[PDB]
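Next up, run.txt (compact mmCIF, C-alpha atoms and all ligand atoms):
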# COMPACT_ATOMS: atom_id res chain seq x y z
CA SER A 2 -17.42 16.11 1.31
CA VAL A 3 -13.94 14.58 1.35
CA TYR A 4 -12.52 18.00 0.48
CA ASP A 5 -14.09 19.69 3.50
CA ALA A 6 -12.89 16.83 5.71
CA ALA A 7 -9.36 17.11 4.32
CA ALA A 8 -9.45 20.83 5.15
CA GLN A 9 -9.95 19.96 8.82
CA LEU A 10 -6.36 18.71 8.92
CA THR A 11 -4.85 21.90 10.34
CA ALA A 12 -1.19 22.60 11.12
CA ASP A 13 -1.65 21.30 14.68
CA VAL A 14 -3.36 18.09 13.57
CA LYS A 15 -0.73 17.30 10.93
CA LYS A 16 2.04 17.77 13.50
CA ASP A 17 0.39 15.37 15.95
CA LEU A 18 -0.16 12.81 13.20
CA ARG A 19 3.49 12.99 12.13
CA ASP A 20 4.93 12.89 15.64
CA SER A 21 2.86 9.85 16.61
CA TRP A 22 3.48 8.10 13.28
CA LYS A 23 7.24 8.28 13.84
CA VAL A 24 6.62 5.88 16.73
CA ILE A 25 3.73 3.66 15.58
CA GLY A 26 5.09 3.41 12.05
CA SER A 27 8.46 2.15 13.31
CA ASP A 28 7.04 -1.37 13.73
CA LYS A 29 4.50 -1.91 10.97
CA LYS A 30 4.27 -5.67 11.47
CA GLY A 31 3.77 -5.59 15.23
CA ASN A 32 1.49 -2.56 15.49
CA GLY A 33 -0.45 -3.47 12.37
CA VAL A 34 -1.36 -6.89 13.75
CA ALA A 35 -2.16 -5.27 17.10
CA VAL A 36 -4.60 -2.86 15.44
CA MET A 37 -6.34 -5.71 13.60
CA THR A 38 -6.48 -8.11 16.54
CA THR A 39 -7.93 -5.39 18.74
CA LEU A 40 -10.58 -4.68 16.10
CA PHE A 41 -11.60 -8.35 16.11
CA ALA A 42 -11.67 -8.52 19.91
CA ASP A 43 -13.61 -5.29 20.47
CA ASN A 44 -16.00 -5.60 17.52
CA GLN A 45 -16.41 -9.32 16.90
CA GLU A 46 -19.25 -8.54 14.49
CA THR A 47 -16.69 -7.46 11.87
CA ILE A 48 -14.79 -10.75 11.65
CA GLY A 49 -17.24 -12.00 9.02
CA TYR A 50 -15.89 -9.46 6.52
CA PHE A 51 -12.38 -10.95 6.72
CA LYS A 52 -13.18 -14.55 5.74
CA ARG A 53 -10.35 -14.55 3.18
CA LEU A 54 -7.82 -14.24 6.02
CA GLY A 55 -8.88 -17.53 7.58
CA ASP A 56 -8.69 -17.96 11.36
CA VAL A 57 -7.75 -14.49 12.60
CA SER A 58 -7.63 -15.72 16.20
CA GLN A 59 -4.17 -17.08 15.37
CA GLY A 60 -2.84 -13.53 15.16
CA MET A 61 0.78 -13.07 14.11
CA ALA A 62 0.93 -16.80 13.29
CA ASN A 63 -1.57 -16.29 10.44
CA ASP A 64 0.41 -15.43 7.29
CA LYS A 65 -2.55 -13.86 5.48
CA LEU A 66 -3.33 -11.70 8.50
CA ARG A 67 0.30 -10.61 8.80
CA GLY A 68 0.50 -9.68 5.11
CA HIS A 69 -2.79 -7.78 5.27
CA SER A 70 -1.73 -6.02 8.46
CA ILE A 71 1.66 -4.89 7.16
CA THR A 72 0.01 -3.59 4.01
CA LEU A 73 -2.62 -1.75 6.05
CA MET A 74 0.18 0.16 7.76
CA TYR A 75 1.60 1.19 4.38
CA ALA A 76 -1.77 2.66 3.50
CA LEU A 77 -1.43 4.86 6.60
CA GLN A 78 2.16 5.74 5.65
CA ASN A 79 0.75 6.78 2.27
CA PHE A 80 -1.77 9.14 3.90
CA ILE A 81 0.87 10.71 6.15
CA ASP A 82 3.15 11.34 3.17
CA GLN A 83 0.32 13.15 1.33
CA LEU A 84 -0.50 15.59 4.13
CA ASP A 85 1.35 18.42 2.37
CA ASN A 86 -0.82 18.24 -0.76
CA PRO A 87 -4.62 18.09 -0.24
CA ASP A 88 -5.24 17.05 -3.86
CA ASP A 89 -2.95 14.03 -3.56
CA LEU A 90 -4.28 13.02 -0.16
CA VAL A 91 -7.79 13.05 -1.61
CA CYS A 92 -6.94 10.87 -4.60
CA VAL A 93 -5.31 8.15 -2.48
CA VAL A 94 -8.10 8.24 0.11
CA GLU A 95 -10.66 7.71 -2.66
CA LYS A 96 -8.55 4.80 -3.94
CA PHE A 97 -8.75 2.90 -0.65
CA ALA A 98 -12.36 4.01 -0.25
CA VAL A 99 -13.25 1.96 -3.33
CA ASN A 100 -11.49 -1.07 -1.85
CA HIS A 101 -13.97 -0.91 1.03
CA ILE A 102 -17.04 0.18 -0.92
CA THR A 103 -16.64 -3.08 -2.85
CA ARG A 104 -16.72 -5.02 0.43
CA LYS A 105 -19.87 -3.21 1.53
CA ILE A 106 -18.19 -1.29 4.36
CA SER A 107 -20.08 1.83 5.46
CA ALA A 108 -18.60 4.97 6.99
CA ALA A 109 -20.03 3.94 10.36
CA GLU A 110 -18.35 0.53 10.35
CA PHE A 111 -15.10 1.93 8.98
CA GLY A 112 -15.11 4.20 12.03
CA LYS A 113 -14.90 1.17 14.33
CA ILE A 114 -11.16 1.36 13.71
CA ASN A 115 -10.88 4.45 15.94
CA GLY A 116 -11.12 2.32 19.08
CA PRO A 117 -8.21 0.01 18.12
CA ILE A 118 -6.06 2.96 17.03
CA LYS A 119 -6.68 4.77 20.31
CA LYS A 120 -5.72 1.62 22.20
CA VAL A 121 -2.51 1.02 20.25
CA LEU A 122 -1.59 4.68 20.68
CA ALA A 123 -2.28 4.51 24.42
CA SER A 124 -0.02 1.47 24.77
CA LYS A 125 2.79 3.64 23.38
CA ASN A 126 1.98 6.53 25.73
CA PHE A 127 0.07 8.70 23.22
CA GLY A 128 -3.18 9.89 24.77
CA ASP A 129 -6.52 11.29 23.62
CA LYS A 130 -4.82 14.26 21.93
CA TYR A 131 -3.28 11.95 19.35
CA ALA A 132 -6.31 9.64 19.22
CA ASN A 133 -8.47 12.60 18.20
CA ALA A 134 -5.92 13.62 15.57
CA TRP A 135 -6.07 10.17 14.01
CA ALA A 136 -9.86 10.25 14.23
CA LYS A 137 -9.86 13.33 11.98
CA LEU A 138 -7.73 11.49 9.42
CA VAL A 139 -10.05 8.48 9.50
CA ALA A 140 -12.87 10.99 8.97
CA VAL A 141 -11.41 11.82 5.56
CA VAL A 142 -11.84 8.22 4.44
CA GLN A 143 -15.33 8.08 5.97
CA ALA A 144 -16.31 11.09 3.85
CA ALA A 145 -15.57 9.12 0.68
CA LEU A 146 -17.63 6.07 1.67
CA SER B 2 8.06 -21.73 -4.41
CA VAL B 3 7.77 -18.01 -3.68
CA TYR B 4 10.03 -18.64 -0.68
CA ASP B 5 12.79 -20.14 -2.84
CA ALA B 6 12.57 -17.20 -5.23
CA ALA B 7 12.74 -14.74 -2.32
CA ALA B 8 15.37 -16.63 -0.32
CA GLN B 9 17.60 -16.44 -3.40
CA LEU B 10 17.81 -12.62 -3.55
CA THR B 11 21.48 -12.11 -2.64
CA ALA B 12 23.16 -9.32 -0.67
CA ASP B 13 24.42 -7.74 -3.89
CA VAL B 14 20.91 -7.86 -5.37
CA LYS B 15 19.35 -6.32 -2.26
CA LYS B 16 22.05 -3.64 -2.31
CA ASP B 17 21.29 -2.61 -5.89
CA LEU B 18 17.56 -2.68 -5.18
CA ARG B 19 17.92 -0.41 -2.15
CA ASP B 20 20.35 1.99 -3.81
CA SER B 21 18.11 2.51 -6.83
CA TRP B 22 14.93 2.72 -4.75
CA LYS B 23 16.43 5.53 -2.67
CA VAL B 24 16.22 7.60 -5.86
CA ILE B 25 13.22 6.17 -7.75
CA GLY B 26 11.17 5.90 -4.56
CA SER B 27 11.88 9.50 -3.54
CA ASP B 28 9.23 10.80 -5.97
CA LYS B 29 6.39 8.29 -5.84
CA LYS B 30 3.91 10.51 -7.67
CA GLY B 31 6.23 11.42 -10.53
CA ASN B 32 7.85 8.03 -11.03
CA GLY B 33 4.72 6.01 -10.36
CA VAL B 34 2.79 7.81 -13.08
CA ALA B 35 5.81 7.48 -15.36
CA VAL B 36 5.74 3.71 -14.86
CA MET B 37 2.02 3.38 -15.55
CA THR B 38 2.08 5.73 -18.54
CA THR B 39 5.06 3.87 -20.02
CA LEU B 40 3.25 0.54 -19.62
CA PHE B 41 0.27 1.91 -21.56
CA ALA B 42 2.49 3.41 -24.25
CA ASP B 43 4.51 0.26 -24.92
CA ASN B 44 1.83 -2.33 -24.15
CA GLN B 45 -1.44 -0.88 -25.41
CA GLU B 46 -3.18 -4.23 -24.90
CA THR B 47 -3.21 -3.69 -21.14
CA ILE B 48 -5.25 -0.49 -21.25
CA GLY B 49 -8.51 -2.44 -21.12
CA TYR B 50 -7.64 -3.92 -17.71
CA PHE B 51 -7.62 -0.45 -16.14
CA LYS B 52 -11.06 0.75 -17.23
CA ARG B 53 -11.82 1.72 -13.62
CA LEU B 54 -9.21 4.46 -13.88
CA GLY B 55 -10.98 6.13 -16.78
CA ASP B 56 -9.04 7.88 -19.55
CA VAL B 57 -5.45 6.92 -18.71
CA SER B 58 -4.16 9.16 -21.51
CA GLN B 59 -4.85 12.09 -19.14
CA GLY B 60 -1.78 11.19 -17.12
CA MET B 61 -1.16 13.21 -13.98
CA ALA B 62 -4.43 15.11 -14.48
CA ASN B 63 -6.42 11.91 -13.95
CA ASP B 64 -6.98 11.72 -10.19
CA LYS B 65 -7.85 8.00 -10.25
CA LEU B 66 -4.68 7.14 -12.18
CA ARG B 67 -2.64 9.36 -9.86
CA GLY B 68 -4.05 7.65 -6.77
CA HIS B 69 -3.39 4.23 -8.26
CA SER B 70 0.17 5.09 -9.27
CA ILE B 71 1.17 6.50 -5.90
CA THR B 72 -0.33 3.44 -4.22
CA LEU B 73 1.54 1.10 -6.53
CA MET B 74 4.78 2.76 -5.44
CA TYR B 75 3.96 1.99 -1.80
CA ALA B 76 3.54 -1.66 -2.74
CA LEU B 77 7.11 -1.55 -4.00
CA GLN B 78 8.14 0.34 -0.86
CA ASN B 79 6.61 -2.52 1.14
CA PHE B 80 8.64 -5.14 -0.76
CA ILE B 81 11.89 -3.18 -0.36
CA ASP B 82 11.38 -2.88 3.40
CA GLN B 83 10.81 -6.63 3.79
CA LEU B 84 13.95 -7.72 1.90
CA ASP B 85 15.86 -8.95 4.96
CA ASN B 86 13.04 -11.21 6.14
CA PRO B 87 11.91 -13.67 3.42
CA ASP B 88 9.01 -14.77 5.62
CA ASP B 89 7.59 -11.25 5.69
CA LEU B 90 8.36 -10.59 2.02
CA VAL B 91 6.45 -13.74 1.06
CA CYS B 92 3.25 -12.93 2.95
CA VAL B 93 3.06 -9.42 1.48
CA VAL B 94 3.91 -10.69 -2.01
CA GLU B 95 1.16 -13.30 -1.80
CA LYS B 96 -1.23 -10.57 -0.67
CA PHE B 97 -0.61 -8.48 -3.77
CA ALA B 98 -0.67 -11.67 -5.84
CA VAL B 99 -4.32 -12.20 -4.88
CA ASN B 100 -5.10 -8.65 -6.04
CA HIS B 101 -3.90 -9.55 -9.53
CA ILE B 102 -5.11 -13.16 -9.64
CA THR B 103 -8.62 -11.79 -9.12
CA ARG B 104 -8.11 -9.70 -12.27
CA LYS B 105 -6.91 -12.72 -14.25
CA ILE B 106 -3.36 -11.38 -14.59
CA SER B 107 -1.00 -14.23 -15.49
CA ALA B 108 2.65 -14.49 -14.50
CA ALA B 109 3.66 -13.66 -18.08
CA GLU B 110 1.47 -10.54 -18.18
CA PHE B 111 2.69 -9.32 -14.80
CA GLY B 112 6.19 -9.47 -16.28
CA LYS B 113 5.30 -6.77 -18.82
CA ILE B 114 6.11 -4.30 -16.03
CA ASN B 115 9.84 -4.98 -16.47
CA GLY B 116 10.05 -2.79 -19.55
CA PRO B 117 8.56 0.31 -17.86
CA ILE B 118 10.71 -0.17 -14.77
CA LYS B 119 13.85 -0.55 -16.87
CA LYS B 120 13.08 2.70 -18.70
CA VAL B 121 12.28 4.67 -15.55
CA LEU B 122 15.50 3.40 -13.96
CA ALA B 123 17.40 4.44 -17.09
CA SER B 124 15.98 7.96 -16.85
CA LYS B 125 17.82 8.23 -13.53
CA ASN B 126 20.98 6.63 -14.93
CA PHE B 127 20.58 3.18 -13.34
CA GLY B 128 21.76 0.69 -15.96
CA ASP B 129 21.11 -2.93 -16.90
CA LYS B 130 22.59 -4.24 -13.64
CA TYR B 131 19.82 -2.46 -11.76
CA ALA B 132 17.17 -3.48 -14.29
CA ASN B 133 18.23 -7.11 -13.79
CA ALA B 134 17.94 -6.69 -10.02
CA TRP B 135 14.36 -5.45 -10.32
CA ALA B 136 13.38 -8.26 -12.66
CA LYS B 137 14.56 -10.62 -9.92
CA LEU B 138 12.15 -8.95 -7.49
CA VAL B 139 9.33 -8.98 -10.04
CA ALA B 140 10.12 -12.68 -10.42
CA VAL B 141 9.27 -13.29 -6.76
CA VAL B 142 5.74 -12.06 -7.47
CA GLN B 143 5.55 -14.12 -10.67
CA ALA B 144 6.33 -17.23 -8.61
CA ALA B 145 3.02 -16.57 -6.85
CA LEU B 146 1.02 -16.18 -10.08
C1 LIG A 201 -7.31 3.10 9.20
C2 LIG A 201 -8.39 2.32 8.66
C3 LIG A 201 -8.26 1.29 7.53
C4 LIG A 201 -7.35 1.25 6.51
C5 LIG A 201 -6.34 2.33 6.14
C6 LIG A 201 -7.63 0.07 5.72
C7 LIG A 201 -6.82 -0.39 4.68
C8 LIG A 201 -7.05 -1.56 3.94
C9 LIG A 201 -6.21 -2.05 2.86
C10 LIG A 201 -4.91 -1.44 2.33
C11 LIG A 201 -6.81 -3.15 2.38
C12 LIG A 201 -6.40 -3.99 1.19
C13 LIG A 201 -7.17 -3.56 -0.05
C14 LIG A 201 -7.22 -4.64 -1.10
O1 LIG A 201 -6.16 -5.21 -1.41
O2 LIG A 201 -8.32 -4.92 -1.63
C15 LIG A 201 -8.01 -3.37 3.16
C16 LIG A 201 -8.87 -4.46 2.98
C17 LIG A 201 -10.03 -4.69 3.72
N1 LIG A 201 -10.52 -3.83 4.70
FE1 LIG A 201 -9.65 -2.19 5.44
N2 LIG A 201 -8.76 -0.57 6.22
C18 LIG A 201 -9.14 0.16 7.34
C19 LIG A 201 -10.25 -0.14 8.16
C20 LIG A 201 -11.17 -1.16 7.92
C21 LIG A 201 -12.30 -1.49 8.78
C22 LIG A 201 -12.62 -0.82 10.11
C23 LIG A 201 -12.96 -2.54 8.20
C24 LIG A 201 -14.18 -3.32 8.71
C25 LIG A 201 -15.11 -2.87 9.72
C26 LIG A 201 -12.24 -2.84 6.97
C27 LIG A 201 -12.55 -3.92 6.13
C28 LIG A 201 -11.73 -4.40 5.09
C29 LIG A 201 -11.96 -5.63 4.36
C30 LIG A 201 -13.17 -6.55 4.45
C31 LIG A 201 -10.90 -5.82 3.54
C32 LIG A 201 -10.69 -7.01 2.62
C33 LIG A 201 -9.77 -8.05 3.22
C34 LIG A 201 -9.40 -9.12 2.23
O3 LIG A 201 -10.30 -9.88 1.81
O4 LIG A 201 -8.21 -9.20 1.86
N3 LIG A 201 -11.12 -2.02 6.83
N4 LIG A 201 -8.15 -2.39 4.11
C1 LIG A 202 5.70 -3.73 -10.21
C2 LIG A 202 4.57 -4.58 -10.44
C3 LIG A 202 3.15 -4.23 -9.99
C4 LIG A 202 2.76 -3.77 -8.77
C5 LIG A 202 3.68 -3.44 -7.60
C6 LIG A 202 1.31 -3.63 -8.80
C7 LIG A 202 0.55 -3.14 -7.74
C8 LIG A 202 -0.84 -2.93 -7.77
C9 LIG A 202 -1.64 -2.46 -6.66
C10 LIG A 202 -1.14 -1.96 -5.31
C11 LIG A 202 -2.93 -2.47 -7.07
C12 LIG A 202 -4.19 -2.14 -6.28
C13 LIG A 202 -4.88 -3.41 -5.82
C14 LIG A 202 -6.27 -3.15 -5.27
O1 LIG A 202 -6.41 -2.25 -4.41
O2 LIG A 202 -7.21 -3.84 -5.70
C15 LIG A 202 -2.93 -2.90 -8.45
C16 LIG A 202 -4.08 -3.05 -9.24
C17 LIG A 202 -4.12 -3.57 -10.52
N1 LIG A 202 -3.02 -4.06 -11.20
FE1 LIG A 202 -1.11 -4.03 -10.61
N2 LIG A 202 0.81 -3.99 -10.04
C18 LIG A 202 1.94 -4.35 -10.80
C19 LIG A 202 1.92 -4.75 -12.14
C20 LIG A 202 0.75 -4.91 -12.89
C21 LIG A 202 0.72 -5.32 -14.29
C22 LIG A 202 1.94 -5.51 -15.19
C23 LIG A 202 -0.59 -5.46 -14.63
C24 LIG A 202 -1.19 -5.71 -16.02
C25 LIG A 202 -0.74 -6.76 -16.89
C26 LIG A 202 -1.37 -5.16 -13.44
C27 LIG A 202 -2.77 -5.12 -13.42
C28 LIG A 202 -3.53 -4.56 -12.39
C29 LIG A 202 -4.95 -4.30 -12.48
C30 LIG A 202 -5.88 -4.57 -13.67
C31 LIG A 202 -5.31 -3.70 -11.34
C32 LIG A 202 -6.71 -3.22 -11.00
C33 LIG A 202 -6.82 -1.72 -11.17
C34 LIG A 202 -8.15 -1.18 -10.69
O3 LIG A 202 -9.18 -1.44 -11.35
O4 LIG A 202 -8.16 -0.49 -9.65
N3 LIG A 202 -0.55 -4.78 -12.40
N4 LIG A 202 -1.65 -3.21 -8.85

Entire entry expressed as structure tokens:
Amino acid sequence: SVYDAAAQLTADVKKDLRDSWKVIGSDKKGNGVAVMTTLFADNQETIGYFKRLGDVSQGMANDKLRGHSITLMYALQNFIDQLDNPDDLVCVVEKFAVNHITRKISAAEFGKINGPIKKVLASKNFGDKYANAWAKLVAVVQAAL
Amino acid sequence: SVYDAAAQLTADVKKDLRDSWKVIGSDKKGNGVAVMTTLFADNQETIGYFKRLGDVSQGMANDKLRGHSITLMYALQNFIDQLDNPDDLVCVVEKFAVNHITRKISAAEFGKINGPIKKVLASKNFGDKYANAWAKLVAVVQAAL
């Protein structure tokens, strides 16, 4: 249930998400591409899903990858801005869920993003505490897949 | 090209875009739904394209329409944030262009959004000057369609 998952976002979790987002969200282009490139390096078996982006090994130099990456960060910004209202968070999460259900992405594969996020957070000095907080948010999307 | 269209947005245009967005973008749920509902009211022929959203006449009550509307406002937020870097604005614009090209939305049809935006701006007292500024931004997307 996406509703039960959304309920797991307690006061403490929401604070950690906001505090860390102030930092990671300050450079959407750079951190977005870093998240994506890490995903492709750590789980090479997912590259096949992104054929539309072309050669993702080019990183920041790939225009399609950069556009996709920046937009991905705005999806996260969207989630963070809906933390105050469970009903609105749910409706936006289900919106992006569809975008992935159409690409045949399961909850298990969607979860492969936790690794990259934890690595990007660690590079900015945010440890496991924040990684776990973000994992709970990703869990809300997984519940809708 | 899309670059020429984007590279043409002047300082005065960007200023009016940012000033009006500070207001219109402050309530993404309320103004986003207002935009979508206005589009359906004035251009009833577009209703069929949004069958995935269900009964759009339900407005705010429709969770799918609400999720779509809030998300659309973040697409505009994305554009606004990339105004000072034409290279970044272009790659995000082309990304959203693909989303509509896949739905067979022509440049002319995409332009139907100008009416709704003009009316929403007007509801907050932003006149023709501001409406013209937004049509210039919508034109950057049309250059990609
Ligand atoms: C925090 C986690 C993630 C977020 C918020 C997210 C967000 C997005 C967004 C906003 C889009 C564009 C939707 C569209 O225009 O159709 C997208 C596309 C996509 N996502 Fe994700 N995504 C996430 C994780 C993943 C993961 C882990 C995978 C694969 C294992 C995945 C696979 C895809 C694919 C295949 C596309 C289509 C790319 C294209 O052809 O343009 N996503 N995602
Ligand atoms: C200010 C201009 C507009 C913006 C910023 C915008 C933005 C968006 C975004 C973010 C999506 C979701 C893409 C996805 O996840 O697949 C979307 C979907 C869509 N848009 Fe637009 N759009 C605009 C104008 C229009 C207009 C005027 C039309 C109709 C003539 C149109 C037709 C569609 C359709 C049919 C969908 C698919 C909806 C669905 O089934 O989920 N858009 N738009």

Per residue of chain B within 9 Å of ligand LIG 201 (chain A), record the nearest atom pair and its distance in Å to one decimal, counting all atoms listed in the file, with rows in chain order and ascending residue number, as CSV.
residue,atom,partner,partner_atom,distance
B:96,CA,A:LIG201,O1,7.3
B:97,CA,A:LIG201,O1,6.9
B:99,CA,A:LIG201,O1,8.0
B:100,CA,A:LIG201,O1,5.9

Fit chain A to chain B, all Cα atoms paired in order, least squares. Then write it as a compact mmCIF listing (two decimals) with C-alpha atoms, keeping the file's coordinate frame.
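So part19.txt came out as:
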# COMPACT_ATOMS: atom_id res chain seq x y z
CA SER A 2 7.93 -21.60 -5.71
CA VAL A 3 7.79 -18.12 -4.18
CA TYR A 4 10.21 -19.30 -1.50
CA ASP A 5 12.86 -20.36 -4.01
CA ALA A 6 12.39 -17.08 -5.88
CA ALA A 7 12.75 -15.09 -2.66
CA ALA A 8 16.01 -16.96 -1.99
CA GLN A 9 17.43 -15.56 -5.23
CA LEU A 10 17.57 -12.13 -3.58
CA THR A 11 21.23 -12.31 -2.56
CA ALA A 12 23.25 -9.70 -0.67
CA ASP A 13 24.30 -8.06 -3.95
CA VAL A 14 20.75 -7.91 -5.32
CA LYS A 15 19.31 -6.43 -2.12
CA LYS A 16 21.98 -3.72 -2.13
CA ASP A 17 21.21 -2.74 -5.72
CA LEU A 18 17.49 -2.67 -4.99
CA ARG A 19 18.00 -0.42 -1.96
CA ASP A 20 20.45 1.94 -3.64
CA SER A 21 18.18 2.45 -6.65
CA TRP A 22 15.04 2.74 -4.52
CA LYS A 23 16.57 5.64 -2.59
CA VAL A 24 16.35 7.55 -5.88
CA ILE A 25 13.19 6.24 -7.58
CA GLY A 26 11.25 6.16 -4.32
CA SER A 27 12.01 9.83 -3.64
CA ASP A 28 9.24 10.90 -6.03
CA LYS A 29 6.46 8.34 -5.78
CA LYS A 30 3.89 10.47 -7.60
CA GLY A 31 6.08 11.37 -10.57
CA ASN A 32 7.86 8.04 -11.06
CA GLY A 33 4.76 6.01 -10.32
CA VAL A 34 2.78 7.75 -13.06
CA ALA A 35 5.79 7.41 -15.37
CA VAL A 36 5.90 3.64 -14.80
CA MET A 37 2.18 3.31 -15.54
CA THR A 38 2.12 5.59 -18.57
CA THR A 39 5.07 3.74 -20.06
CA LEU A 40 3.27 0.43 -19.52
CA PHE A 41 0.25 1.75 -21.43
CA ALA A 42 2.40 3.12 -24.26
CA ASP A 43 4.60 0.05 -24.69
CA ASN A 44 1.92 -2.60 -24.12
CA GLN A 45 -1.35 -1.02 -25.24
CA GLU A 46 -3.02 -4.43 -24.95
CA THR A 47 -3.08 -4.05 -21.15
CA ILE A 48 -5.13 -0.85 -21.01
CA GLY A 49 -8.34 -2.89 -21.04
CA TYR A 50 -7.57 -4.20 -17.54
CA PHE A 51 -7.58 -0.66 -16.10
CA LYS A 52 -11.08 0.43 -17.15
CA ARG A 53 -11.84 1.65 -13.61
CA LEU A 54 -9.18 4.36 -14.01
CA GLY A 55 -10.99 5.97 -16.93
CA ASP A 56 -8.98 7.68 -19.67
CA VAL A 57 -5.38 6.86 -18.77
CA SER A 58 -4.09 8.90 -21.71
CA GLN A 59 -4.63 11.97 -19.51
CA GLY A 60 -1.74 10.88 -17.30
CA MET A 61 -1.01 12.96 -14.21
CA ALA A 62 -4.25 14.89 -14.85
CA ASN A 63 -6.29 11.74 -14.13
CA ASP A 64 -7.00 11.62 -10.38
CA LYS A 65 -7.75 7.89 -10.32
CA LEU A 66 -4.53 7.15 -12.19
CA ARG A 67 -2.52 9.35 -9.83
CA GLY A 68 -4.00 7.68 -6.74
CA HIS A 69 -3.40 4.21 -8.16
CA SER A 70 0.13 5.12 -9.19
CA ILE A 71 1.14 6.56 -5.82
CA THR A 72 -0.25 3.49 -4.10
CA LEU A 73 1.61 1.20 -6.49
CA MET A 74 4.86 2.82 -5.35
CA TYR A 75 3.98 2.11 -1.72
CA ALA A 76 3.60 -1.54 -2.60
CA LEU A 77 7.21 -1.45 -3.84
CA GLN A 78 8.30 0.41 -0.68
CA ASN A 79 6.64 -2.42 1.26
CA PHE A 80 8.68 -5.06 -0.60
CA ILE A 81 11.95 -3.19 -0.06
CA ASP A 82 11.26 -2.88 3.67
CA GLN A 83 10.71 -6.67 3.92
CA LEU A 84 13.99 -7.67 2.28
CA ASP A 85 15.56 -8.51 5.65
CA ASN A 86 12.92 -11.12 6.52
CA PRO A 87 12.06 -13.70 3.81
CA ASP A 88 8.92 -14.84 5.66
CA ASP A 89 7.49 -11.32 5.76
CA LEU A 90 8.42 -10.55 2.17
CA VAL A 91 6.58 -13.70 1.10
CA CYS A 92 3.39 -12.88 2.98
CA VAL A 93 3.10 -9.39 1.49
CA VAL A 94 3.95 -10.61 -2.02
CA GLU A 95 1.16 -13.20 -1.76
CA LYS A 96 -1.19 -10.43 -0.60
CA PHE A 97 -0.68 -8.35 -3.75
CA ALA A 98 -0.62 -11.54 -5.82
CA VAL A 99 -4.26 -12.12 -4.87
CA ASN A 100 -5.14 -8.58 -5.94
CA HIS A 101 -3.97 -9.51 -9.44
CA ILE A 102 -5.20 -13.11 -9.51
CA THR A 103 -8.68 -11.64 -9.04
CA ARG A 104 -8.17 -9.46 -12.12
CA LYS A 105 -7.04 -12.45 -14.17
CA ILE A 106 -3.43 -11.28 -14.50
CA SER A 107 -0.96 -14.07 -15.33
CA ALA A 108 2.72 -14.20 -14.42
CA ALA A 109 3.58 -13.51 -18.06
CA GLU A 110 1.50 -10.33 -18.24
CA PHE A 111 2.63 -9.17 -14.81
CA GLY A 112 6.16 -9.39 -16.20
CA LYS A 113 5.35 -6.72 -18.79
CA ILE A 114 6.17 -4.25 -16.02
CA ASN A 115 9.90 -5.00 -16.36
CA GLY A 116 10.14 -2.88 -19.50
CA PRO A 117 8.65 0.27 -17.88
CA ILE A 118 10.79 -0.18 -14.76
CA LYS A 119 13.95 -0.51 -16.84
CA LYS A 120 13.01 2.65 -18.73
CA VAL A 121 12.29 4.70 -15.61
CA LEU A 122 15.54 3.47 -14.07
CA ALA A 123 17.47 4.37 -17.23
CA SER A 124 16.05 7.89 -17.19
CA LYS A 125 17.62 8.28 -13.74
CA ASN A 126 20.97 6.87 -14.89
CA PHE A 127 20.53 3.34 -13.47
CA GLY A 128 21.45 0.78 -16.12
CA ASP A 129 20.86 -2.91 -16.82
CA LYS A 130 22.53 -3.91 -13.53
CA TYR A 131 19.68 -2.36 -11.57
CA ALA A 132 17.03 -3.37 -14.12
CA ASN A 133 18.02 -7.01 -13.65
CA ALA A 134 17.91 -6.60 -9.87
CA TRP A 135 14.35 -5.31 -10.06
CA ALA A 136 13.48 -8.11 -12.47
CA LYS A 137 14.42 -10.64 -9.78
CA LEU A 138 12.10 -8.91 -7.31
CA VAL A 139 9.25 -8.91 -9.83
CA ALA A 140 10.01 -12.62 -10.26
CA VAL A 141 8.98 -13.20 -6.65
CA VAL A 142 5.50 -11.88 -7.38
CA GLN A 143 5.34 -13.87 -10.62
CA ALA A 144 6.03 -17.05 -8.63
CA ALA A 145 2.85 -16.49 -6.61
CA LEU A 146 0.60 -15.96 -9.64

Using only C-alpha atoms, find the residues of chain B whose closest atom to chain A is at most 6 Å away, then write them as a ChimeraX atom specification.
/B:64,68,92-93

Skipping near chain neighbours, those fewer than 2 positions away, what residues fall within 12 Å of residue A:102 using only C-alpha atoms, listed as an NGL selection string?
:A and (95-100 or 104-108 or 110-111 or 142-146)

Let me make sure I understand: among A:53, A:16, A:23, A:120, which one has the smallest atom-to-atom distance to residue A:38 if we use all atoms listed in the file?
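Answer, going by the shortest atom-to-atom distance: A:120.
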
Could you check which of B:35, B:140, B:10, B:77 is closest to residue B:57, using only C-alpha atoms?
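Once distances to residue B:57 are computed over only C-alpha atoms, the minimum belongs to B:35.
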
Find the residues around residue B:41 up to 12 Å (all atoms listed in the file counted), leave out those fewer than 2 positions away in its own chain, and share them as a PyMOL selection string.
chain B and resi 34-39+43-51+56-60+66+113-114+116-117

Just the number, please: distance in Å from atom CA of residue B:125 to atom CA of residue B:21, one decimal.
8.8 Å

Could you tell me how far atom CA of residue A:103 lies from atom CA of residue B:103, in Å and to one decimal?
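Calculated distance between atom CA of residue A:103 and atom CA of residue B:103 is 13.4 Å.
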
Just to confirm, what's the straight-line distance from atom CA of residue B:138 to atom CA of residue B:61 in Å (one decimal)?
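Taking atom CA of residue B:138 as the start and atom CA of residue B:61 as the end point, the length is 26.7 Å.
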
Test item: residues at most 12 Å from residue A:129, all atoms listed in the file, excluding those fewer than 4 positions along its chain, as a ChimeraX atom specification
/A:17,21,115-116,118-124,133-136

Could you check which of B:132, B:40, B:6, B:14 is closest to ligand LIG 202 (chain A), using all atoms listed in the file?
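Looking at the shortest contact to ligand LIG 202 (chain A), the residue is B:40.
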